[PDB]
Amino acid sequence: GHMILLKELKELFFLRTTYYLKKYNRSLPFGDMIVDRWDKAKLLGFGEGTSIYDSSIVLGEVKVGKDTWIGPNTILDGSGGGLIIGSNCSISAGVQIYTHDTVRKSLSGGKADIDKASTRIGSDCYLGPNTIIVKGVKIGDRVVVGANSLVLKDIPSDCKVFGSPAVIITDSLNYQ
């Protein structure tokens, strides 16, 4: 009856895929056709209108505002002092936001502690695909962070940044 569960799961996958294509014009991972993104967000205590894919990892204390879109394959790590994210943010596919790292733990052969620092992002921000935000970063409001960036330092409001490591390119007023 593990053969039975497997067959029932393959059937359900087929049926959910068919449903999703016909009704929502998309095909998702199996996990994402069980989990509703808005119900998941609500269960995690996020603000109304916020949505989060099944494939996201949310660690520790994470607060998120209203109407924020948390994409697939994301990491929201508030384990090292908490992570706060505002309203109307785009947290694109693959974005990873941290409040700790294990560099010293590893390099020390297992001896050093994990290093921790809180991180914060304002409202009306766009974090592009595969952006990495390290511990301790404060991102102000209305910020654009381009795809593939690595943010190592605070970003003031109304800035657009880009690069690994990210640098301020211009202001974001043209997008507003």
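Residue numbers here begin at 1 and follow the sequence given.
Between 164 to 172 and 8 to 16, which has the larger average Cα B-factor in the PDB entry? 164 to 172 has the higher mean C-alpha B-factor.
Name the higher of the two by mean Cα B-factor in the PDB entry, 59 to 67 versus 125 to 133. Stretch with the greater average CA B-factor: 59 to 67.
Lowest, middle or highest third: where is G110 by C-alpha B factor in its chain? CA B-factor rank for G110: highest third.
Looking at the temperature factor on the CA atom of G140, which third of the chain's modelled residues does it land in? Answer is middle: the recorded C-alpha B-factor places it there.
What third of the chain, by the recorded C-alpha B-factor, contains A117? CA B-factor rank for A117: middle third.
How does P72 rank on Cα B-factor within its chain, lowest, middle or highest third? CA B-factor rank for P72: lowest third.
Could you look up the Cα B-factor of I52 in the entry and say which third of the chain it sits in: lowest, middle or highest? For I52, the deposited C-alpha B-factor lands in the lowest third.
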